[PDB]
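What follows is a set of notes on a single structure, which appears directly below.
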Amino acid sequence: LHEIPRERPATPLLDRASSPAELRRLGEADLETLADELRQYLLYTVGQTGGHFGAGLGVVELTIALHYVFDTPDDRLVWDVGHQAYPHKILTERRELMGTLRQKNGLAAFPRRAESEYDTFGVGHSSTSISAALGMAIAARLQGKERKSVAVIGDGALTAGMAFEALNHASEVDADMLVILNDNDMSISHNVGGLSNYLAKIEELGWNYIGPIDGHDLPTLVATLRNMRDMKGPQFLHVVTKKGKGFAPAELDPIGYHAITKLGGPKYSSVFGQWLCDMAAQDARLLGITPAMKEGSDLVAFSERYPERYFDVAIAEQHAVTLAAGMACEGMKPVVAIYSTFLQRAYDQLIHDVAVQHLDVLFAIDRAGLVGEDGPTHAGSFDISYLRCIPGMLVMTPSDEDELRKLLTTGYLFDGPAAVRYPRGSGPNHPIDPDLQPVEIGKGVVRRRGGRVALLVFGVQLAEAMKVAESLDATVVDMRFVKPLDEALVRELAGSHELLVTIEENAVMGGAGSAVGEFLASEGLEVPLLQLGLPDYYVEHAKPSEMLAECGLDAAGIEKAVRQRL
Amino acid sequence: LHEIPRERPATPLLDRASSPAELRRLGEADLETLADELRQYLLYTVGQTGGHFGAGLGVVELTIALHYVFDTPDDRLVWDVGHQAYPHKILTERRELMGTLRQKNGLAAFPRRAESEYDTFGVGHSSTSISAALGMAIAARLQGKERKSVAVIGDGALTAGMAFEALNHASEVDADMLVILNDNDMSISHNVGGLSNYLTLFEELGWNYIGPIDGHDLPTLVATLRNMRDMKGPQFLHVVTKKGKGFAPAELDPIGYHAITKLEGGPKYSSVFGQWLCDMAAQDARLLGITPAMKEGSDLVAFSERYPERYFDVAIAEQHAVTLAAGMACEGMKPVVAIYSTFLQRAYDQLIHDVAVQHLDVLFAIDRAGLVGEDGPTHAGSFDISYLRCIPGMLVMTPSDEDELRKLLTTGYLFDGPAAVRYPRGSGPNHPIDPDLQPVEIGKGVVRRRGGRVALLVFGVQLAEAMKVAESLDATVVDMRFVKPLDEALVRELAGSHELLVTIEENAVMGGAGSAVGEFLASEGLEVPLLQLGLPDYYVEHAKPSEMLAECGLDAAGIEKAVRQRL
Amino acid sequence: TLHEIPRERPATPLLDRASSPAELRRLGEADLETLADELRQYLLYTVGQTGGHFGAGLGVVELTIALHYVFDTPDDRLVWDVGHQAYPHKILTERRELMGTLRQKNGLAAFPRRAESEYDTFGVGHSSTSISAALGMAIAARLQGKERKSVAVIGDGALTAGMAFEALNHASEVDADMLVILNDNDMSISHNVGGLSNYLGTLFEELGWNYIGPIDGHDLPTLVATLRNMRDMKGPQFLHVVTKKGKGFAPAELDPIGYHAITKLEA
Ligand SMILES: CC(=O)c1sc(CCOP(=O)(O)OP(=O)(O)O)c(C)[n+]1Cc1cnc(C)nc1N
Ligand SMILES: CC(=O)c1sc(CCOP(=O)(O)OP(=O)(O)O)c(C)[n+]1Cc1cnc(C)nc1N
Ligand SMILES: CC(=O)c1sc(CCOP(=O)(O)OP(=O)(O)O)c(C)[n+]1Cc1cnc(C)nc1N
Ligand SMILES: [Ca+2]
Ligand SMILES: [Ca+2]
Ligand SMILES: [Ca+2]
Ligand SMILES: [Ca+2]
Ligand SMILES: [Ca+2]
Ligand SMILES: [Ca+2]
Ligand SMILES: [Ca+2]
Ligand SMILES: [Mg+2]
Ligand SMILES: [Mg+2]
Ligand SMILES: [Mg+2]
Ligand code: NA
Ligand code: NA
C-alpha cells in the first residue's frame with residue numbers, strides 16, 4: 001500500500017477473528033488473506049488516532065501465527081516493549097476499541113494486565129519479556145500446569161543487559177519456554193553494537209536455536225511454531241521481519257514511520273541538541289552519549305557534525321553512565337542524554353560510579369514530568385526525588401528554553417555530577433540568549449515581587465504560576481536549583497510572606513518542595529508551606545494538558561489550591 | 001602454606017618492588033620468588049587486619065604479571081569489584097600501609113581514585129570494569145594518547161547485564177582494550193548460571209579470544225600479556241585461577257575464606273530473615289526465594305537446602321531478579337526478593353516499572369540497610385527509604401529489632417502488593433522473638449514511652465538508643481514501623497501535645513522518613529518544630545559501624561545533643 | 001519434591017527389597033529416609049499409570065514406613081481409616097508389583113480389603129470406622145490371651161464423624177491397649193470446615209486418652225522414636241501427627257483439593 005485508508009476498510013475475515021479462539025477456527029488457507037485485512041485495518045486505525053506504526057506492521061504475520069498455534073490466553077504470550085502489539089490487541093477482542101487508542105479512558109499505548117486477560121505483562125520499558133516469561137514458566141511448572149510461555153523480543157530490546165541475565169538464568173533452570181527473536185535489523189534508529197553485527201551474520205548459552213525463518217511466510221511460521229510448541233527446555237526462534245512491511249513509505253523510511261501522528265516554539269529536546277552542538281564547537285572535550293534515543297533526545301545534528309564524539313550504546317542505560325564515568329576519568333566531558341523514566345534503570349551507575357567518585361558527568365534528563373499518551377510506564381515523575389538524596393548531585397529545573405540552555409552550560413562547566421531536567425514538547429517560546437555562559441550555582445531568580453504568598457517554582461510551571469500571581473499579586477521565584485538550594489532566598493521569603501508554595505512536575509513525596517521543607521525545619525522557620533506537584537498514584541494516559549489539569553498543575557488548579565490554603 | 005604468619009615475613013624481593021616501576025626493573029627469573037613472598041605478606045597482613053582473602057590469593061601471579069608488562073600508572077588497569085586487589089595495593093606504594101586496611105583513616109576496602117594514582121576506578125559493586133576501561137580507551141584515543149586500557153573481571157562479575165552491554169559496545173567502536181576474564185568457577189557461593197556452564201561467544205561479539213591459560217604460570221602470563229598488550233582492537237584473555245591458591249585451608253573451603261576476621265550476642269538480622277523465610281515457606285507452598293548471588297550474605301542457606309525447588313540464585317543479576325519475581329507473581333506464586341539496599345539501586349527500574357506500576361505481589365527483604373562499616377560508602381544502604389517511598393504503591397517498613405523484623409516480614413508478605421522491609425547488617429538488641437507468624441496492623445506506630453516535651457519518632461533500629469535518650473529527658477518515643485503509609489493520626493496527635501518532634505532513621509535525611517513526616521505536617525498546616533536526624537549529605541568514610549554511627553550522630557550521645565541543642 | 005509424574009519405572013533399589021514389613025524391618029534406620037524417597041517416586045509413577053487417589057498417600061509415606069518398621073505387622077493389627085491413603089501401605093505389603101493392576105477389573109481394590117491381603121485388617125471406604133474396628137480387635141485379643149498391638153490411623157476429616165467420638169469414649173471406658181494416630185493435614189477433600197478442625201490435646205485427655213504431640217509426620221527419626229516409646233506404653237494412647245497432603249509433589253502441595261485424586265496419564 002502507498003496511502004493510508006481514510007475510511008474503515010472492508011475486513012470480513014478479520015471480523016470473524018475477534019478473539020484467538022475464533023481465529024483458531026479459521027483454516028490455514030484463510031490466514032494469508034487475514035494478514036492483508038488486519039494490515040489495512042491497522043493502517044486505517046493508527047491513521048485515525050496516531051501512535052506506533054512500523055514495528056506493528058512487521059509482526060502482523062507473526063501475531064496471527066502465534067495466536068493460531070498457541071492456546072491463548074491460557075498459554076502465556078509476552079510482548080517486549082509492546083509498541084508492536086496493535087495487531088495483538090486487534091486479535092484479542094479490542095479491534096472495535098482501537099478508535100480510542102492512546103486517548104483519555106481509551107486503550108493504553110502498550111499491553112496492560114488490567115486492560116485484558118490476553119495481556120500477560122504490562123510493558124513499555126524494553127527487555128523485560130524474557131525475565132517475565134521465565135518467572136511465569138517457573139510458576140506454571142511448580143503448579144503442574146501444561147501452559148506454554150512465549151516471549152517476543154526485538155533485536156533492539158535484546159541489547160539490554162537484563163535480557164542477557166534472563167537468557168542465562170533460563171538456561172540454568174532448564175525452563176520450558178520459547179524466546180522469539182523478532183529481528184528487523186532496527187531499533188528506532190538503526191541498531192548498533194556487536195550483537196547487531198552477529199545477528200546480520202547468523203545459541204551456546206544453553207538454548208536450542210532454530211532459524212532464521214521468514215517472518216512474513218505464514219505457512220512456514222505456523223509449521224515452525226507447531227514444532228517448537230511441544231519441544232522441551234529453552235527454545236530460541238530467530239525470525240526475520242521488515243519494519244513497516246506492507247506500507248512502502250514506512251519500508252523506505254523506517255525511522256520516520258516508527259510512530260506517526262493522526263489524520264511555534266522549539267521543542268526542549270531541540271534546545272538541548274543545539275546547545276550540544278554549540279558547546280561541542282567550542283570545547284573538543286564534549287562527548288554525547290545516548291541509549292538508542294538519538295531521535296527523541298535529538299542528537300541528530302551532533303551525531304552528523306561530530307561523529308567521533310557521538311556514542312549510541314544501544315538500549316544499555318547502565319553502560320551509558322559507567323562509560324561516561326570512565327571518559328570523565330581521562331578529563332573528557334561526557335553528556336548523558338537520557339529520559340527520566342529510563343535513567344531509573346541506570347540509578348546504581350549514577351550513584352556508585354559517578355556520584356560516589358564526584359566525576360564530571362552531565363545528565364540531560366528529557367521527558368521530565370508527565371509525557372502524555374505513552375502513559376505511566378514512561379512518566380518522568382521521580383527524578384528530582386531519587387537524585388536529590390544522592391550526595392554530590394547538582395540538580396537543576398529550567399523553566400523555559402533560555403533557562404535550559406543556561407543550566408545545561410552551568411552543569412556542564414560544573415566540576416562534578418550535574419542533572420538538568422526538562423519535559424517533552426515545547427515551552428513558552430521565550431527568547432534564547434545565543435551566548436554560552438553559566439549562572440551562579442544555588443541562586444534562584446525573583447521573577448515577580450509581590451506580597452502575602454510566594455510561589456517557589458522548580459521548572460516549567462513558572463508561566464502558570466505567573467498567571468496565578470497576577471490575580472493574587474504574589475511573589476514568584478524561578479528557583480533554578482533543587483540542590484544546592486537557594487537557602488538565603490528561602491529564608492528571606494519565609495520571614496516576609498504568610499505562605500510559601502512550592503511547584504514542581506515531580507512526585508510531591510521526596511521532591512523539590514520537600515527540600516524546602518527540610519530546610520525550613522532545620523532552621524526552625526515556621527511559615528506555612530503548601531507543596532504542589534504530582535500525586536502518589538500513576539496518572540492514566542491522556543493529552544499532557546489533561547494530565548496536568550488532573551494533577552492541579554495548570555493555572556486553575558494552582559490558584560484553587562493557593563486560595564483554599566489561604 | 002598451611003598457617004597464617006603472625007610475625008611479619010622476610011620478603012627481601014617484595015621490599016624492592018614497592019611500586020610497579022621498581023617491579024619492572026626485576027628480572028623474569030625473580031617473579032616466581034616474588035609471588036611466593038607476596039603471598040606470604042598477604043596472608044600475614046590480612047591476618048592482622050581482617051578483610052577479603054581468597055580472591056586476592058587467586059590473582060597474586062596475575063597482578064605481578066600485569067604491572068610487570070604494562071606501563072602503569074600510565075597504562076590504565078581497572079579491577080572489577082576490587083576485593084581481589086590487595087596484591088595490587090601491595091605493589092603500588094601501599095605495602096607498608098596495609099596495616100591500616102579497613103580501619104578508620106586507613107586504606108579503603110577497594111581501589112579508590114582518591115587513594116592512589118594507581119587506582120583508575122573506584123569499585124565495590126561488580127561488573128563496572130569493562131565499561132570504565134572502554135571509556136578511558138575511547139578518551140585516550142580522542143586525546144591522541146597511546147596508553148593501554150585493561151579490565152580484570154571475574155567470572156561472577158561477568159554474569160551481570162552491564163558487562164554484556166559493555167562487551168557489545170566495545171566491539172562497535174573497535175576500541176583498543178584488553179579484557180581479562182579471571183575465571184575460578186566461583187562467585188561468593190559457587191557461580192550458578194548459564195554463563196558459568198558455558199565457561200566462542202566472545203569471538204562472535206567482535207573480540208579476539210585467547211585462552212584459556214594457566215593464571216598461575218607466571219612465564220606464560222608475561223609472554224601472553226606481552227603479545228596482547230600491543231595487539232589492536234578489542235582483546236579478550238581467558239585466564240584460569242584457583243580461589244585461595246597457595247593456602248590449602250582456603251582452597252578446601254573457598255566460601256569460608258572469601259573473607260576472614262583478624263586473628264585472635266543475639267542473632268544477625270539476616271539470620272532472623274532466614275528463619276522467617278523457612279518458617280513461612282513451611283506454611284505456604286507458594287513462597288519462592290530469590291537472591292542475586294548472595295545466598296550467604298542474606299542468609300538463604302537453610303532455605304536453599306530445605307526448599308531447593310523454590311530457591312533461585314540468578315547470579316549477579318539484580319535486574320532480572322526483580323522482573324523474574326514480577327512474572328512469578330502474575331501466576332499467583334509469592335516471590336521474596338532478598339537484596340541489599342545498595343544493590344537494589346541497580347534494579348530500581350524493574351521495581352518501579354515491572355512491580356510497582358502493576359501492583360504485583362512481591363516482597364523485598366532489604367538487608368544491609370544503613371551504614372555497613374568497613375566496606376565503606378560503595379556498599380552503604382543510605383538511600384532506600386528515599387528512593388522507594390516516592391514510588392506509588394510501595395509499602396515501606398522499618399523494623400526496630402528482631403521480633404519486629406519477623407512481624408513486618410509477615411506483614412509485608414501477607415499484604416497483597418509491593419512491600420519492602422529494611423534492616424541493617426549485624427545483630428540487634430537481642431529482644432525475645434515471638435515464634436508465631438502473625439502480622440501487625442498496617443500504617444500504625446507503637447508508642448514505646450510516654451513522656452512530656454519531646455516526641456522521638458523512630459523509623460528502625462535506633463529505637464534502643466532513642467529510648468536511652470528518652471529516659472534521660474523524660475520524652476515520648478514512638479516505634480513508627482511504617483514510612484508509607486505513615487501513621488498520620490499519631491503524628492498529628494503528638495504534634496499538638498509536644499513542643500518538638502524528632503525523627504530518627506538510618507537513611508539519608510534528604511528525602512527520608514523524617515521528610516515524610518514533614519510533608520504531612522506541612523499539608524495539614526501543623527507548625528510544630530521538627531528535628532530530622534539521619535544520615536548526612538556526604539559519603540561516610542569506612543570505619544567500625546559504631547564509629548560511623550557516632551560520626552552521623554545516631555548514637556544516644558549524638559541524638560541527645562541534637563535534641564537539647566534544638567531545645 | 002518433584003514437579004513431573006515419572007512416566008517410566010524409577011530405579012528403587014532399597015524399596016525393591018522392602019517388599020514386606022519383615023524385610024523392611026531388617027533395614028537400618030539410616031536407610032529409611034532414602035526408602036521414603038524411593039517409595040514416593042514409585043507411588044507417583046504407579047498412580048500416574050493407573051489413576052487413583054493421590055495426595056493423601058503422599059502425605060503418609062513416612063508414617064507408613066515407621067509404622068511397619070516399629071510394629072510387628074501383620075501380627076500387630078494396623079487399621080487405616082477410609083483407606084484412600086493406603087497405597088504406600090499396599091506397596092510395602094507384598095503388592096508393589098501389583099499396583100499396575102490397581103482399580104482395574106480383577107486387580108487390586110481401591111482400599112484395604114481383608115480378602116486381598118493378610119496385611120489388611122479391615123475393609124474400609126466409608127470413613128471413621130478405624131477406631132471402632134481396632135478397639136474390637138484389641139478387646140478380642142486380650143480375651144484370648146494374645147499380646148498384640150492395635151493401631152488406628154485416622155485423618156482429621158474422618159475424626160469429625162460421630163462414630164469416632166463414640167469409639168473414643170468406649171475405648172477409654174474399657175481401658176483398651178490401643179493406639180490412635182491422628183493424621184492431621186488440615187484437609188478433608190475440601191478444606192476441613194468444622195468446630196473440631198478449629199480446635200486442632202486437652203479434649204483427648206479429658207476423654208481418657210494419653211495424648212502425645214503434635215509431632216512432625218515427615219521426620220522419620222522422630223516418628224520411629226515416638227512410635228517405639230508408645231508401643232511400649234499401654235492403655236488408650238493418642239498420637240497427634242501433622243502431615244502435608246501431597247507432600248513431595250509441588251503441584252499437589254499447591255492444589256490439594258484438585259490432587260485428592262487423579263486420572264491415568266495419557267501420552
Ligand atoms: C517506544 C519505546 O518505548 C521504545 S521502542 C525502542 C526500539 C526497540 O527496538 P526493537 O528491535 O526491540 O523493536 P522494533 O521496533 O520491532 O524494531 C526503544 C529503544 N524504545 C525506547 C526505550 C529505551 N530504553 C528502554 C529501557 N526502553 C525503551 N522502550
Ligand atoms: C564482596 C562483594 O562486593 C562481592 S564479590 C561477588 C562475586 C565475585 O565473583 P567474581 O568471580 O567476580 O570474583 P572472585 O571472588 O575472584 O571469584 C559479589 C556478588 N559481591 C557482592 C555484589 C553483588 N552485586 C553486585 C552488583 N556487586 C557486588 N559486589
Ligand atoms: C474419597 C472418600 O471416600 C472420602 S475421603 C474424605 C475425607 C478425608 O479426610 P481425612 O482427614 O480423613 O484424610 P486425608 O485425605 O489424608 O486428609 C471423605 C469425606 N470421603 C468421602 C466420605 C464421606 N462420608 C463418609 C461416611 N465416608 C467417606 N469416605
Ligand atoms: Ca514519525
Ligand atoms: Ca532566562
Ligand atoms: Ca548574552
Ligand atoms: Ca505549560
Ligand atoms: Ca503478599
Ligand atoms: Ca545500625
Ligand atoms: Ca514522666
Ligand atoms: Mg528491531
Ligand atoms: Mg570467580
Ligand atoms: Mg485430613
Ligand atoms: Na569467612
Ligand atoms: Na483431581
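In the C-alpha cells, chains take letters A, B, ... by order of appearance, with residues numbered from 1 within each chain and ligands from 1 in the order shown.
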
Checklist entry - How would you write, as a VMD selection string, the set of residues no farther than 8 Å from ligand 3 when counting only C-alpha atoms and all ligand atoms? => result chain C and resid 53 55 to 57 59 to 60 81 to 82 84 to 85 125 to 128 154 to 159 161 183 to 189 192 245 260

Output file for the residues above (N, CA and C atoms, as a PDB file, in the first residue's frame):
ATOM      1  N   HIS C  53      -6.419 -42.429  43.937  1.00  0.00           N
ATOM      2  CA  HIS C  53      -6.216 -41.402  44.949  1.00  0.00           C
ATOM      3  C   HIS C  53      -4.730 -41.079  45.067  1.00  0.00           C
ATOM      4  N   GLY C  55      -3.067 -37.391  46.712  1.00  0.00           N
ATOM      5  CA  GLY C  55      -2.411 -36.530  47.684  1.00  0.00           C
ATOM      6  C   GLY C  55      -2.324 -37.132  49.074  1.00  0.00           C
ATOM      7  N   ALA C  56      -3.373 -37.840  49.501  1.00  0.00           N
ATOM      8  CA  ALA C  56      -3.386 -38.368  50.862  1.00  0.00           C
ATOM      9  C   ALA C  56      -2.289 -39.407  51.062  1.00  0.00           C
ATOM     10  N   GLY C  57      -2.042 -40.244  50.053  1.00  0.00           N
ATOM     11  CA  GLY C  57      -0.988 -41.238  50.177  1.00  0.00           C
ATOM     12  C   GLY C  57       0.393 -40.615  50.241  1.00  0.00           C
ATOM     13  N   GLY C  59       1.115 -37.962  51.672  1.00  0.00           N
ATOM     14  CA  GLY C  59       1.291 -37.396  52.996  1.00  0.00           C
ATOM     15  C   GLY C  59       1.645 -38.393  54.075  1.00  0.00           C
ATOM     16  N   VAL C  60       1.407 -39.682  53.842  1.00  0.00           N
ATOM     17  CA  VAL C  60       1.666 -40.706  54.844  1.00  0.00           C
ATOM     18  C   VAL C  60       2.777 -41.658  54.401  1.00  0.00           C
ATOM     19  N   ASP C  81      -7.966 -45.715  58.234  1.00  0.00           N
ATOM     20  CA  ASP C  81      -9.296 -45.136  58.117  1.00  0.00           C
ATOM     21  C   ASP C  81      -9.523 -44.597  56.708  1.00  0.00           C
ATOM     22  N   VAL C  82     -10.691 -44.912  56.142  1.00  0.00           N
ATOM     23  CA  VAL C  82     -11.038 -44.628  54.751  1.00  0.00           C
ATOM     24  C   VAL C  82     -10.258 -45.561  53.830  1.00  0.00           C
ATOM     25  N   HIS C  84      -8.035 -44.554  51.434  1.00  0.00           N
ATOM     26  CA  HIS C  84      -7.565 -43.901  50.219  1.00  0.00           C
ATOM     27  C   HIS C  84      -6.106 -43.480  50.313  1.00  0.00           C
ATOM     28  N   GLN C  85      -5.534 -43.460  51.516  1.00  0.00           N
ATOM     29  CA  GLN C  85      -4.136 -43.113  51.720  1.00  0.00           C
ATOM     30  C   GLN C  85      -3.256 -44.345  51.896  1.00  0.00           C
ATOM     31  N   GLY C 125     -13.555 -47.738  53.375  1.00  0.00           N
ATOM     32  CA  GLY C 125     -14.001 -46.957  52.239  1.00  0.00           C
ATOM     33  C   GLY C 125     -14.812 -45.792  52.761  1.00  0.00           C
ATOM     34  N   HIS C 126     -15.947 -46.106  53.376  1.00  0.00           N
ATOM     35  CA  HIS C 126     -16.566 -45.169  54.296  1.00  0.00           C
ATOM     36  C   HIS C 126     -15.578 -44.839  55.408  1.00  0.00           C
ATOM     37  N   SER C 127     -15.718 -43.646  55.972  1.00  0.00           N
ATOM     38  CA  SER C 127     -14.736 -43.112  56.899  1.00  0.00           C
ATOM     39  C   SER C 127     -15.105 -43.407  58.351  1.00  0.00           C
ATOM     40  N   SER C 128     -14.119 -43.219  59.231  1.00  0.00           N
ATOM     41  CA  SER C 128     -14.306 -43.115  60.675  1.00  0.00           C
ATOM     42  C   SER C 128     -14.592 -44.448  61.355  1.00  0.00           C
ATOM     43  N   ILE C 154      -6.284 -42.419  61.612  1.00  0.00           N
ATOM     44  CA  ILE C 154      -7.491 -41.711  61.204  1.00  0.00           C
ATOM     45  C   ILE C 154      -7.141 -40.263  60.897  1.00  0.00           C
ATOM     46  N   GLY C 155      -7.722 -39.737  59.820  1.00  0.00           N
ATOM     47  CA  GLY C 155      -7.478 -38.362  59.449  1.00  0.00           C
ATOM     48  C   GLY C 155      -8.333 -37.385  60.233  1.00  0.00           C
ATOM     49  N   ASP C 156      -7.926 -36.111  60.185  1.00  0.00           N
ATOM     50  CA  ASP C 156      -8.680 -35.066  60.871  1.00  0.00           C
ATOM     51  C   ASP C 156     -10.081 -34.919  60.294  1.00  0.00           C
ATOM     52  N   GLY C 157     -10.246 -35.169  58.995  1.00  0.00           N
ATOM     53  CA  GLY C 157     -11.581 -35.153  58.423  1.00  0.00           C
ATOM     54  C   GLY C 157     -12.433 -36.299  58.936  1.00  0.00           C
ATOM     55  N   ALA C 158     -11.883 -37.516  58.909  1.00  0.00           N
ATOM     56  CA  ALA C 158     -12.632 -38.683  59.364  1.00  0.00           C
ATOM     57  C   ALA C 158     -12.980 -38.589  60.843  1.00  0.00           C
ATOM     58  N   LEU C 159     -12.183 -37.857  61.621  1.00  0.00           N
ATOM     59  CA  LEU C 159     -12.425 -37.730  63.053  1.00  0.00           C
ATOM     60  C   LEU C 159     -13.618 -36.838  63.378  1.00  0.00           C
ATOM     61  N   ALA C 161     -16.594 -37.427  62.416  1.00  0.00           N
ATOM     62  CA  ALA C 161     -17.797 -38.248  62.398  1.00  0.00           C
ATOM     63  C   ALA C 161     -18.196 -38.663  63.808  1.00  0.00           C
ATOM     64  N   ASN C 183      -3.897 -38.438  61.851  1.00  0.00           N
ATOM     65  CA  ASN C 183      -3.175 -37.936  60.682  1.00  0.00           C
ATOM     66  C   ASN C 183      -3.792 -36.594  60.305  1.00  0.00           C
ATOM     67  N   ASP C 184      -3.178 -35.509  60.770  1.00  0.00           N
ATOM     68  CA  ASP C 184      -3.756 -34.171  60.698  1.00  0.00           C
ATOM     69  C   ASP C 184      -3.027 -33.370  59.628  1.00  0.00           C
ATOM     70  N   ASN C 185      -3.729 -33.073  58.531  1.00  0.00           N
ATOM     71  CA  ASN C 185      -3.193 -32.230  57.470  1.00  0.00           C
ATOM     72  C   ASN C 185      -4.101 -31.043  57.164  1.00  0.00           C
ATOM     73  N   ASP C 186      -5.056 -30.739  58.044  1.00  0.00           N
ATOM     74  CA  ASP C 186      -5.971 -29.612  57.871  1.00  0.00           C
ATOM     75  C   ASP C 186      -6.792 -29.731  56.591  1.00  0.00           C
ATOM     76  N   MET C 187      -7.058 -30.957  56.144  1.00  0.00           N
ATOM     77  CA  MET C 187      -7.822 -31.167  54.925  1.00  0.00           C
ATOM     78  C   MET C 187      -8.769 -32.346  55.080  1.00  0.00           C
ATOM     79  N   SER C 188      -9.921 -32.233  54.420  1.00  0.00           N
ATOM     80  CA  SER C 188     -10.727 -33.383  54.028  1.00  0.00           C
ATOM     81  C   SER C 188     -10.497 -33.579  52.533  1.00  0.00           C
ATOM     82  N   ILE C 189     -11.554 -33.494  51.726  1.00  0.00           N
ATOM     83  CA  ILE C 189     -11.393 -33.341  50.282  1.00  0.00           C
ATOM     84  C   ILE C 189     -11.314 -31.843  50.018  1.00  0.00           C
ATOM     85  N   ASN C 192     -11.036 -28.767  55.654  1.00  0.00           N
ATOM     86  CA  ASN C 192     -11.810 -29.311  56.765  1.00  0.00           C
ATOM     87  C   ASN C 192     -12.462 -28.159  57.518  1.00  0.00           C
ATOM     88  N   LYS C 245      -0.671 -32.828  52.933  1.00  0.00           N
ATOM     89  CA  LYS C 245      -1.294 -33.552  51.833  1.00  0.00           C
ATOM     90  C   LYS C 245      -0.557 -33.242  50.537  1.00  0.00           C
ATOM     91  N   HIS C 260      -6.491 -34.454  45.220  1.00  0.00           N
ATOM     92  CA  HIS C 260      -7.028 -35.527  46.050  1.00  0.00           C
ATOM     93  C   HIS C 260      -7.030 -36.845  45.285  1.00  0.00           C
TER      94      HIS C 260
END

Item to check | Selection: 10 Å around stretch 239-254 of chain A, only C-alpha atoms, excl. self and same-chain fewer than 2 positions, as a ChimeraX atom specification | outcome: /A:1-4,36,39-40,43,53-62,152,154-155,180-190,210-217,221,236-237,256-259

Item to check | Distance filter 8 Å, only C-alpha atoms, chain B against chain C, as number ranges by chain | outcome: B: 285-286, 309

Item to check | All strand (DSSP E or B) residues (DSSP, backbone) inside stretch 306-503 of chain B, as a ChimeraX atom specification | outcome: /B:311-313,334-340,363-367,370,381,395-397,419-422,427,446-449,454-459,476-479,482-484,500-503

Can those selected residues be exported to a file as an mmCIF file, in the first residue's frame so that it contains C-alpha atoms?
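Final file, selection25.cif:
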data_model
loop_
_atom_site.group_PDB
_atom_site.id
_atom_site.type_symbol
_atom_site.label_atom_id
_atom_site.label_comp_id
_atom_site.auth_asym_id
_atom_site.auth_seq_id
_atom_site.Cartn_x
_atom_site.Cartn_y
_atom_site.Cartn_z
ATOM 1 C CA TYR B 311 15.104 -21.185 45.721
ATOM 2 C CA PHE B 312 16.643 -19.199 42.861
ATOM 3 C CA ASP B 313 20.153 -17.725 42.633
ATOM 4 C CA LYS B 334 4.645 -15.386 46.205
ATOM 5 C CA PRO B 335 8.244 -14.339 45.480
ATOM 6 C CA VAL B 336 10.504 -12.830 48.131
ATOM 7 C CA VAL B 337 13.450 -10.881 46.706
ATOM 8 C CA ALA B 338 16.382 -10.799 49.135
ATOM 9 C CA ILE B 339 18.631 -7.908 48.130
ATOM 10 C CA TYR B 340 20.995 -5.468 49.807
ATOM 11 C CA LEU B 363 8.174 -8.780 48.935
ATOM 12 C CA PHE B 364 11.596 -7.098 49.077
ATOM 13 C CA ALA B 365 13.769 -8.069 52.062
ATOM 14 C CA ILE B 366 16.317 -5.244 52.111
ATOM 15 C CA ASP B 367 19.436 -6.203 54.080
ATOM 16 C CA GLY B 370 22.156 1.956 56.641
ATOM 17 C CA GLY B 381 22.416 1.296 52.261
ATOM 18 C CA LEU B 395 4.606 -0.425 51.451
ATOM 19 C CA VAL B 396 7.820 0.616 53.231
ATOM 20 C CA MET B 397 8.650 -0.789 56.673
ATOM 21 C CA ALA B 419 6.265 -4.380 50.106
ATOM 22 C CA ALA B 420 9.746 -3.585 51.415
ATOM 23 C CA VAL B 421 11.315 -4.412 54.794
ATOM 24 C CA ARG B 422 14.717 -2.849 55.537
ATOM 25 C CA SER B 427 22.858 -8.166 65.173
ATOM 26 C CA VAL B 446 3.661 1.741 68.555
ATOM 27 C CA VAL B 447 4.186 4.106 71.484
ATOM 28 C CA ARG B 448 7.117 2.718 73.476
ATOM 29 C CA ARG B 449 7.434 5.519 76.049
ATOM 30 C CA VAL B 454 9.905 15.913 73.088
ATOM 31 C CA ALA B 455 8.493 13.133 70.904
ATOM 32 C CA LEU B 456 11.051 10.868 69.212
ATOM 33 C CA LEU B 457 9.595 9.271 66.060
ATOM 34 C CA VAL B 458 11.961 6.373 65.338
ATOM 35 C CA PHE B 459 11.997 4.565 61.981
ATOM 36 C CA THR B 476 7.884 10.320 74.313
ATOM 37 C CA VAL B 477 9.155 7.601 71.966
ATOM 38 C CA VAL B 478 7.276 6.059 69.032
ATOM 39 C CA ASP B 479 8.299 2.925 67.118
ATOM 40 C CA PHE B 482 5.936 2.242 58.634
ATOM 41 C CA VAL B 483 7.285 5.039 56.461
ATOM 42 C CA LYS B 484 4.465 4.504 53.948
ATOM 43 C CA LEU B 500 9.333 19.318 69.395
ATOM 44 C CA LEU B 501 9.077 16.333 67.053
ATOM 45 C CA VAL B 502 12.320 14.437 66.398
ATOM 46 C CA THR B 503 12.557 11.896 63.568
#

Next on the checklist: As a quick test: using only C-alpha atoms and all ligand atoms, which residues lie no more than 7 Å away from ligand 2? Give them as a PyMOL selection string.
Outcome noted: chain B and resi 55+58+80-81+83-84+124-127+153-158+182-188+243+292-294+316+318+343

Next on the checklist: Quick one: residues within 6 Å of stretch 406-422 of chain A, only C-alpha atoms, excluding same-chain residues fewer than 3 positions away - as a ChimeraX atom specification?
Outcome noted: /A:358-366,368,393-397,403,438

Item to check | Within 7 Å of chain C: residues of chain A, using only C-alpha atoms, as a VMD selection string | outcome: chain A and resid 141 to 144

Those same residues - N, CA, C and O atoms - I'd like them written as a PDB file, in the first residue's frame.
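This went into out-v3.pdb:
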ATOM      1  N   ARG A 141       5.347 -24.565  36.046  1.00  0.00           N
ATOM      2  CA  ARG A 141       5.917 -25.895  36.233  1.00  0.00           C
ATOM      3  C   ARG A 141       5.730 -26.381  37.664  1.00  0.00           C
ATOM      4  O   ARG A 141       5.393 -27.549  37.889  1.00  0.00           O
ATOM      5  N   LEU A 142       5.954 -25.507  38.648  1.00  0.00           N
ATOM      6  CA  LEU A 142       5.729 -25.902  40.034  1.00  0.00           C
ATOM      7  C   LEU A 142       4.260 -26.211  40.285  1.00  0.00           C
ATOM      8  O   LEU A 142       3.939 -27.103  41.080  1.00  0.00           O
ATOM      9  N   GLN A 143       3.357 -25.500  39.609  1.00  0.00           N
ATOM     10  CA  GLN A 143       1.925 -25.710  39.770  1.00  0.00           C
ATOM     11  C   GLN A 143       1.409 -26.914  38.994  1.00  0.00           C
ATOM     12  O   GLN A 143       0.242 -27.285  39.166  1.00  0.00           O
ATOM     13  N   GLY A 144       2.236 -27.524  38.148  1.00  0.00           N
ATOM     14  CA  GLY A 144       1.801 -28.660  37.364  1.00  0.00           C
ATOM     15  C   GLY A 144       0.944 -28.312  36.172  1.00  0.00           C
ATOM     16  O   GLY A 144       0.277 -29.194  35.622  1.00  0.00           O
TER      17      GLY A 144
END
